[PDB]
>>> print(open('entry26.cif').read())   # mmCIF, C-alpha atoms and all ligand atoms
data_query
#
loop_
_atom_site.label_atom_id
_atom_site.label_comp_id
_atom_site.auth_asym_id
_atom_site.auth_seq_id
_atom_site.Cartn_x
_atom_site.Cartn_y
_atom_site.Cartn_z
CA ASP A 1 0.00 0.00 0.00
CA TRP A 2 2.48 2.51 1.65
CA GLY A 3 3.30 2.87 5.33
CA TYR A 4 6.05 3.40 7.78
CA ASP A 5 7.61 -0.11 7.46
CA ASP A 6 11.06 -0.06 5.99
CA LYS A 7 9.57 -2.06 3.09
CA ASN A 8 6.93 0.60 2.34
CA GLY A 9 8.06 3.73 4.36
CA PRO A 10 8.92 7.38 3.45
CA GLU A 11 12.13 6.61 1.50
CA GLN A 12 9.90 4.23 -0.45
CA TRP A 13 7.10 6.61 -1.26
CA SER A 14 8.45 8.31 -4.41
CA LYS A 15 8.02 5.12 -6.48
CA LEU A 16 4.24 5.38 -6.30
CA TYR A 17 4.19 9.16 -5.47
CA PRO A 18 6.92 10.99 -7.45
CA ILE A 19 5.66 14.16 -5.69
CA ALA A 20 7.53 12.85 -2.70
CA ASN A 21 10.52 14.62 -4.27
CA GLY A 22 8.67 17.81 -5.23
CA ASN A 23 9.33 21.47 -4.47
CA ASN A 24 6.67 22.06 -1.89
CA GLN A 25 7.12 19.03 0.38
CA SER A 26 6.33 18.64 4.15
CA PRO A 27 7.44 18.57 6.99
CA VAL A 28 10.26 21.19 7.11
CA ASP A 29 12.94 22.28 9.56
CA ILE A 30 12.14 25.82 10.50
CA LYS A 31 15.32 27.93 10.82
CA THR A 32 14.44 30.96 12.97
CA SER A 33 17.34 33.08 11.57
CA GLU A 34 16.02 32.34 8.01
CA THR A 35 12.31 33.26 8.60
CA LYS A 36 10.92 36.59 7.33
CA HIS A 37 8.69 38.43 9.82
CA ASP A 38 5.58 39.33 7.72
CA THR A 39 3.65 42.25 9.34
CA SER A 40 0.68 41.66 6.98
CA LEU A 41 -0.25 38.33 8.66
CA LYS A 42 -3.43 38.67 10.70
CA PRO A 43 -3.88 36.73 13.94
CA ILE A 44 -5.17 33.12 13.80
CA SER A 45 -8.87 32.87 14.52
CA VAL A 46 -10.41 29.44 15.30
CA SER A 47 -14.07 28.87 15.99
CA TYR A 48 -15.17 25.24 16.36
CA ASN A 49 -18.52 23.87 17.50
CA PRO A 50 -18.11 20.88 19.79
CA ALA A 51 -21.22 19.24 18.15
CA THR A 52 -19.32 18.85 14.82
CA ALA A 53 -17.24 16.13 16.53
CA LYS A 54 -18.13 12.83 14.78
CA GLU A 55 -15.94 9.69 14.96
CA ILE A 56 -12.53 8.27 15.85
CA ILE A 57 -10.97 5.68 13.47
CA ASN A 58 -7.93 3.47 13.54
CA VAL A 59 -6.56 4.01 10.03
CA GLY A 60 -3.78 1.50 10.23
CA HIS A 61 -0.84 3.91 10.35
CA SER A 62 -2.55 6.35 12.70
CA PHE A 63 -6.00 7.24 13.96
CA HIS A 64 -8.18 10.16 12.91
CA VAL A 65 -10.75 12.30 14.73
CA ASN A 66 -13.26 13.39 12.19
CA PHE A 67 -15.81 16.23 12.26
CA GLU A 68 -19.03 16.99 10.56
CA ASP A 69 -18.04 19.18 7.57
CA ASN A 70 -21.48 19.93 5.92
CA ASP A 71 -21.52 23.56 7.06
CA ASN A 72 -19.32 26.23 8.57
CA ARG A 73 -20.06 25.63 12.25
CA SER A 74 -16.32 24.97 12.84
CA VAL A 75 -13.90 27.31 11.05
CA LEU A 76 -10.31 28.58 10.82
CA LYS A 77 -9.80 32.19 9.62
CA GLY A 78 -7.20 34.99 9.81
CA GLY A 79 -3.48 34.46 9.53
CA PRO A 80 -2.40 34.25 5.85
CA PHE A 81 -5.94 33.53 4.64
CA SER A 82 -8.70 35.50 2.95
CA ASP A 83 -10.93 32.43 2.76
CA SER A 84 -12.64 30.73 5.76
CA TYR A 85 -11.45 27.14 6.22
CA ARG A 86 -13.61 24.36 7.46
CA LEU A 87 -12.38 21.83 10.14
CA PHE A 88 -12.67 18.24 9.06
CA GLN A 89 -10.18 16.38 11.24
CA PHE A 90 -7.36 16.19 13.69
CA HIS A 91 -4.77 13.51 14.20
CA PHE A 92 -1.25 13.08 15.66
CA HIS A 93 2.17 11.91 14.57
CA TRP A 94 4.68 10.30 17.01
CA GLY A 95 7.96 8.38 16.70
CA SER A 96 9.68 5.28 18.23
CA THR A 97 11.39 7.12 21.06
CA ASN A 98 10.63 10.37 22.94
CA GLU A 99 13.65 11.95 21.14
CA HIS A 100 11.94 12.29 17.70
CA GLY A 101 8.24 11.90 17.07
CA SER A 102 7.49 15.34 15.54
CA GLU A 103 7.36 16.00 11.85
CA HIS A 104 8.28 19.67 11.75
CA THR A 105 11.54 20.63 13.52
CA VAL A 106 12.66 24.03 14.78
CA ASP A 107 16.36 24.82 14.36
CA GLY A 108 17.14 21.06 14.30
CA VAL A 109 15.24 20.30 17.53
CA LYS A 110 13.02 17.20 17.34
CA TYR A 111 9.93 17.08 19.59
CA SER A 112 8.03 14.05 20.80
CA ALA A 113 4.90 14.18 18.60
CA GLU A 114 2.87 16.61 16.56
CA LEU A 115 -0.87 17.59 16.45
CA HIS A 116 -2.30 18.23 12.99
CA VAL A 117 -5.63 20.07 12.91
CA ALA A 118 -6.91 19.93 9.33
CA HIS A 119 -9.30 22.21 7.38
CA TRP A 120 -10.42 22.65 3.75
CA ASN A 121 -11.24 25.72 1.65
CA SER A 122 -15.05 25.80 1.77
CA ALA A 123 -15.09 29.27 0.04
CA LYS A 124 -13.67 27.96 -3.24
CA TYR A 125 -14.46 24.20 -3.21
CA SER A 126 -17.56 22.16 -2.38
CA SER A 127 -15.85 19.30 -0.62
CA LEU A 128 -12.68 17.86 0.87
CA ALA A 129 -12.10 15.52 -2.10
CA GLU A 130 -12.15 18.55 -4.46
CA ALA A 131 -10.09 20.78 -2.11
CA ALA A 132 -7.44 18.13 -1.24
CA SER A 133 -5.45 18.51 -4.49
CA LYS A 134 -5.58 22.29 -4.90
CA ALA A 135 -2.72 24.60 -3.96
CA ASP A 136 -5.07 26.63 -1.77
CA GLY A 137 -7.41 23.70 -0.73
CA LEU A 138 -6.16 22.74 2.79
CA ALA A 139 -5.05 24.50 5.99
CA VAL A 140 -3.39 22.52 8.83
CA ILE A 141 -2.33 23.90 12.19
CA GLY A 142 0.72 21.92 13.38
CA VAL A 143 1.42 21.96 17.17
CA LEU A 144 4.77 20.64 18.48
CA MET A 145 4.25 18.29 21.46
CA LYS A 146 7.07 18.39 23.99
CA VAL A 147 7.43 15.47 26.42
CA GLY A 148 7.00 16.42 30.12
CA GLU A 149 3.98 16.58 32.33
CA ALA A 150 0.78 14.84 31.38
CA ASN A 151 -1.59 16.90 29.35
CA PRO A 152 -5.21 16.80 30.79
CA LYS A 153 -6.72 18.11 27.52
CA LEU A 154 -5.77 14.80 25.84
CA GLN A 155 -7.91 12.77 28.15
CA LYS A 156 -10.99 12.27 26.08
CA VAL A 157 -8.86 11.28 23.04
CA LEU A 158 -6.69 8.84 24.95
CA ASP A 159 -9.63 7.29 26.75
CA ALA A 160 -11.16 6.43 23.35
CA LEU A 161 -8.22 4.45 21.97
CA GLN A 162 -9.26 1.16 23.70
CA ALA A 163 -12.38 1.19 21.34
CA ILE A 164 -10.49 1.31 18.13
CA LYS A 165 -7.48 -0.77 19.01
CA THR A 166 -7.10 -2.61 15.64
CA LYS A 167 -7.15 -1.35 12.05
CA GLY A 168 -10.61 -0.32 10.70
CA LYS A 169 -12.15 -0.09 14.10
CA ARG A 170 -14.18 3.18 14.68
CA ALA A 171 -16.51 4.64 17.21
CA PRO A 172 -18.60 7.81 17.78
CA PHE A 173 -16.52 10.64 19.21
CA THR A 174 -18.75 13.60 19.95
CA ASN A 175 -19.09 16.84 21.87
CA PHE A 176 -15.43 17.91 21.74
CA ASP A 177 -13.86 21.17 20.72
CA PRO A 178 -10.26 20.67 19.60
CA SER A 179 -9.30 24.29 20.01
CA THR A 180 -8.81 23.14 23.64
CA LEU A 181 -5.72 21.23 22.39
CA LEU A 182 -3.98 24.33 20.97
CA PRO A 183 -1.29 26.22 22.96
CA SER A 184 -2.45 29.46 24.56
CA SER A 185 -0.27 31.66 22.27
CA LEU A 186 -1.30 31.67 18.65
CA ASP A 187 1.98 33.02 17.22
CA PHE A 188 2.85 31.00 14.17
CA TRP A 189 5.13 30.29 11.20
CA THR A 190 3.60 29.77 7.73
CA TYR A 191 4.74 28.13 4.58
CA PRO A 192 3.39 26.29 1.48
CA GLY A 193 3.77 22.57 1.58
CA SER A 194 2.02 19.28 1.39
CA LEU A 195 0.32 16.39 3.07
CA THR A 196 3.02 14.59 5.10
CA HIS A 197 2.02 11.10 3.87
CA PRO A 198 0.71 9.64 0.59
CA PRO A 199 -0.85 11.11 -1.47
CA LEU A 200 1.53 13.97 -0.45
CA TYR A 201 -0.45 16.61 -2.42
CA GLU A 202 1.10 20.07 -2.23
CA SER A 203 -2.25 21.53 -1.05
CA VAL A 204 -1.42 22.67 2.43
CA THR A 205 -0.72 26.04 3.85
CA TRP A 206 0.89 25.18 7.17
CA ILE A 207 0.33 27.11 10.36
CA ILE A 208 3.09 25.85 12.84
CA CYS A 209 2.51 27.15 16.32
CA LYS A 210 5.47 28.72 18.05
CA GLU A 211 4.41 27.46 21.51
CA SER A 212 4.56 23.71 22.19
CA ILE A 213 2.02 21.70 24.16
CA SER A 214 2.87 19.12 26.81
CA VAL A 215 2.51 15.33 26.58
CA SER A 216 3.80 12.68 29.04
CA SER A 217 6.08 9.75 28.12
CA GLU A 218 3.16 7.44 29.10
CA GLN A 219 0.58 9.35 26.99
CA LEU A 220 2.91 8.78 24.01
CA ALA A 221 3.04 5.10 25.06
CA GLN A 222 -0.73 4.84 24.57
CA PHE A 223 -0.32 5.99 20.87
CA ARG A 224 2.30 3.36 20.18
CA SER A 225 0.03 0.72 21.82
CA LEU A 226 -2.45 1.15 18.98
CA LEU A 227 -2.24 -1.62 16.40
CA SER A 228 -1.79 -1.50 12.63
CA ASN A 229 -3.04 -5.11 12.11
CA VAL A 230 -6.68 -6.11 11.94
CA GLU A 231 -8.32 -8.00 14.75
CA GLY A 232 -7.16 -11.60 14.93
CA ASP A 233 -3.75 -11.15 13.12
CA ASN A 234 -0.59 -10.95 15.29
CA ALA A 235 -0.16 -7.60 16.99
CA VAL A 236 1.83 -4.95 15.16
CA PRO A 237 2.04 -1.85 17.37
CA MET A 238 2.02 1.54 15.69
CA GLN A 239 5.57 2.38 16.76
CA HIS A 240 5.83 5.59 14.62
CA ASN A 241 4.24 7.55 11.76
CA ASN A 242 6.43 10.67 11.33
CA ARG A 243 8.18 11.60 8.12
CA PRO A 244 11.79 13.12 7.92
CA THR A 245 12.00 16.88 7.17
CA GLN A 246 12.22 17.83 3.46
CA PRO A 247 14.22 20.44 1.44
CA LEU A 248 12.69 23.93 1.51
CA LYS A 249 13.44 24.04 -2.28
CA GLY A 250 13.48 27.80 -2.22
CA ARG A 251 10.38 28.50 -0.12
CA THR A 252 10.24 31.07 2.62
CA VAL A 253 8.92 30.41 6.07
CA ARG A 254 7.15 33.46 7.38
CA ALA A 255 6.92 34.41 11.03
CA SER A 256 3.73 35.99 12.46
CA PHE A 257 5.85 37.47 15.29
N1 LIG A 301 -4.99 13.00 7.02
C1 LIG A 301 -4.85 13.38 5.58
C2 LIG A 301 -5.96 14.37 5.18
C3 LIG A 301 -6.39 14.30 3.74
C4 LIG A 301 -6.88 15.26 2.92
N2 LIG A 301 -7.17 14.66 1.71
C5 LIG A 301 -6.87 13.38 1.79
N3 LIG A 301 -6.40 13.13 3.01
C6 LIG A 301 -3.47 13.99 5.30
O1 LIG A 301 -2.37 13.39 5.40
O2 LIG A 301 -3.01 15.06 4.99
ZN ZN A 302 -0.54 14.85 9.64
#
>>> encode(input="entry26.cif", output="structure tokens")
Amino acid sequence: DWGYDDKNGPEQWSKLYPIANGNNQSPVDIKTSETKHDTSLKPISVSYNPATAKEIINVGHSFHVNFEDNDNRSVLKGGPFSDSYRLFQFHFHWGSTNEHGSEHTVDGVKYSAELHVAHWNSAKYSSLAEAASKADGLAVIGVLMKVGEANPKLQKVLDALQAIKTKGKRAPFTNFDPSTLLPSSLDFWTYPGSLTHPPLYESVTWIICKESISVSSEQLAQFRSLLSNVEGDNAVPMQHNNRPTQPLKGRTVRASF
């Protein structure tokens, strides 16, 4: 299919997805001495309705928390954007060890995991499928997760993993507002890039928060306890699902601050 095996992992991906070696790939290392402070960036505005929370699904290489995306009850606006963007999902990336689970790095520093909160351009497109492949189709807030004290805001999410332990398993996941997962400062870097796994479409305007959020070593352990096999097959823990940083290929990372 594609995955994070060594058989079918990131260094493998370009065979089926040549875009893997494109000019707008993600994640990046953000070099703070190379970032241009853009004064024209507005602040990030998020407004989510907890009722749009829908389902949690074990997707084999990760798990996704999906939201009702039929209307604009939950939206991202401001920042680099003229258009309002519509929440459809959030998910995490993590690695084998606490030393490097993040996707994005800052000045070489590798964090323990990363929260992606994903939105599509409902002003221009009529759906996620249509938006997903357009340069201006998706917005994703990335939040660096730094290992330390346990994070209480994760609780609902972690509690729900026992229901969707094996690949394909899903369950309702309702009444939750994921703006409660975001750090209390909204200062951010932006850049054009891509989905961080196949199909790797260069459709994403990234909003990387400057402030990290906490996670505990044992919270991370829950993520890696999820299984990539289907019920009944031998267990194959989801050890990691983060992709190496990619060449900027000429792009400029802008700072909101
Ligand atoms: N979780 C997917 C979201 C997606 C949008 N379109 C297709 N998939 C991603 O890696 O970026
Ligand atoms: Zn992601």
>>> closest_atom_pairs(input="entry26.cif", of="chain A", to="ligand ZN 302 (chain A)", cutoff="9 Å", atoms="all atoms listed in the file", output="tab-separated table")
residue	atom	partner	partner_atom	distance
A:90	CA	A:ZN302	ZN	8.0
A:91	CA	A:ZN302	ZN	6.4
A:92	CA	A:ZN302	ZN	6.3
A:93	CA	A:ZN302	ZN	6.3
A:103	CA	A:ZN302	ZN	8.3
A:114	CA	A:ZN302	ZN	7.9
A:115	CA	A:ZN302	ZN	7.3
A:116	CA	A:ZN302	ZN	5.1
A:117	CA	A:ZN302	ZN	8.0
A:118	CA	A:ZN302	ZN	8.2
A:140	CA	A:ZN302	ZN	8.2
A:142	CA	A:ZN302	ZN	8.1
A:195	CA	A:ZN302	ZN	6.8
A:196	CA	A:ZN302	ZN	5.8
A:197	CA	A:ZN302	ZN	7.3
A:241	CA	A:ZN302	ZN	9.0
A:242	CA	A:ZN302	ZN	8.3
>>> residues_around(input="entry26.cif", residues="residue 52 in chain A", least_positions_apart="3", cutoff="12 Å", atoms="all atoms listed in the file", output="MDAnalysis selection string")
chainID A and resid 47:49 55 65:75 86:89 172:178
>>> atom_distance(input="entry26.cif", atom1="CA of residue 240 in chain A", atom2="CA of residue 95 in chain A")
4.1 Å
>>> closest_residue(input="entry26.cif", among="A:60, A:168, A:198, A:79", to="ligand LIG 301 (chain A)", atoms="only C-alpha atoms and all ligand atoms")
A:198
>>> atom_distance(input="entry26.cif", atom1="CA of residue 135 in chain A", atom2="CA of residue 64 in chain A")
22.9 Å
>>> atom_distance(input="entry26.cif", atom1="CA of residue 157 in chain A", atom2="CA of residue 56 in chain A")
8.6 Å
>>> axis_aligned_box(input="entry26.cif", around="ligand LIG 301 (chain A)", padding_each_side="6 Å", output="JSON")
{"center_x": -4.8, "center_y": 14.1, "center_z": 4.4, "size_x": 16.8, "size_y": 14.3, "size_z": 17.3}
>>> build_atoms(input="entry26.cif", residues="range 113-134 of chain A", atoms="N, CA, C and O atoms", output="CSV table (one decimal), keeping the file's coordinate frame")
chain,number,residue,atom,x,y,z
A,113,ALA,N,6.1,14.5,19.4
A,113,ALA,CA,4.9,14.2,18.6
A,113,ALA,C,4.4,15.5,18.0
A,113,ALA,O,5.0,16.5,18.3
A,114,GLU,N,3.4,15.4,17.2
A,114,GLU,CA,2.9,16.6,16.6
A,114,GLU,C,1.4,16.5,16.4
A,114,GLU,O,0.9,15.4,16.0
A,115,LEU,N,0.6,17.5,16.7
A,115,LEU,CA,-0.9,17.6,16.4
A,115,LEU,C,-1.1,18.3,15.1
A,115,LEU,O,-0.6,19.4,14.9
A,116,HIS,N,-1.8,17.6,14.2
A,116,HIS,CA,-2.3,18.2,13.0
A,116,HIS,C,-3.8,18.4,13.1
A,116,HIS,O,-4.6,17.5,13.3
A,117,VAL,N,-4.2,19.7,13.0
A,117,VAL,CA,-5.6,20.1,12.9
A,117,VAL,C,-6.0,20.6,11.5
A,117,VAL,O,-5.5,21.7,11.1
A,118,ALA,N,-6.8,19.8,10.8
A,118,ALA,CA,-6.9,19.9,9.3
A,118,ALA,C,-8.3,20.5,8.8
A,118,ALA,O,-9.3,20.2,9.4
A,119,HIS,N,-8.1,21.4,7.8
A,119,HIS,CA,-9.3,22.2,7.4
A,119,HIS,C,-9.2,22.2,5.9
A,119,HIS,O,-8.1,22.0,5.3
A,120,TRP,N,-10.4,22.4,5.2
A,120,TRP,CA,-10.4,22.6,3.8
A,120,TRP,C,-11.1,23.9,3.4
A,120,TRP,O,-12.0,24.5,4.1
A,121,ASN,N,-10.7,24.5,2.2
A,121,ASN,CA,-11.2,25.7,1.6
A,121,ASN,C,-12.7,25.6,1.1
A,121,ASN,O,-12.9,25.2,-0.1
A,122,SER,N,-13.6,25.8,2.1
A,122,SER,CA,-15.0,25.8,1.8
A,122,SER,C,-15.5,27.1,1.0
A,122,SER,O,-16.7,27.1,0.6
A,123,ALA,N,-14.7,28.1,0.8
A,123,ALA,CA,-15.1,29.3,0.0
A,123,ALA,C,-15.0,29.0,-1.4
A,123,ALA,O,-15.8,29.5,-2.2
A,124,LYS,N,-14.0,28.3,-1.9
A,124,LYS,CA,-13.7,28.0,-3.2
A,124,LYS,C,-14.2,26.6,-3.7
A,124,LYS,O,-14.5,26.4,-4.8
A,125,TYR,N,-14.1,25.6,-2.8
A,125,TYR,CA,-14.5,24.2,-3.2
A,125,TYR,C,-15.7,23.7,-2.4
A,125,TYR,O,-16.1,24.4,-1.5
A,126,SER,N,-16.2,22.6,-2.9
A,126,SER,CA,-17.6,22.2,-2.4
A,126,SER,C,-17.4,21.0,-1.5
A,126,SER,O,-18.3,20.5,-0.9
A,127,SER,N,-16.2,20.5,-1.4
A,127,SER,CA,-15.8,19.3,-0.6
A,127,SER,C,-14.4,19.1,-0.4
A,127,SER,O,-13.6,19.8,-1.0
A,128,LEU,N,-14.1,18.2,0.5
A,128,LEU,CA,-12.7,17.9,0.9
A,128,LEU,C,-12.0,17.2,-0.3
A,128,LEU,O,-10.9,17.5,-0.6
A,129,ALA,N,-12.6,16.2,-0.9
A,129,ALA,CA,-12.1,15.5,-2.1
A,129,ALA,C,-11.7,16.5,-3.2
A,129,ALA,O,-10.7,16.3,-3.8
A,130,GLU,N,-12.5,17.5,-3.5
A,130,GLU,CA,-12.2,18.6,-4.5
A,130,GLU,C,-11.0,19.5,-3.9
A,130,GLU,O,-10.1,19.8,-4.7
A,131,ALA,N,-11.1,19.9,-2.7
A,131,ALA,CA,-10.1,20.8,-2.1
A,131,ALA,C,-8.7,20.1,-2.0
A,131,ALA,O,-7.7,20.8,-2.2
A,132,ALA,N,-8.6,18.9,-1.6
A,132,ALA,CA,-7.4,18.1,-1.2
A,132,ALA,C,-6.2,18.2,-2.2
A,132,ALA,O,-5.1,18.0,-1.8
A,133,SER,N,-6.5,18.6,-3.5
A,133,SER,CA,-5.4,18.5,-4.5
A,133,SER,C,-5.1,19.9,-5.0
A,133,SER,O,-4.4,20.0,-6.0
A,134,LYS,N,-5.8,20.9,-4.5
A,134,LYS,CA,-5.6,22.3,-4.9
A,134,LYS,C,-4.6,23.1,-4.0
A,134,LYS,O,-4.6,22.9,-2.8
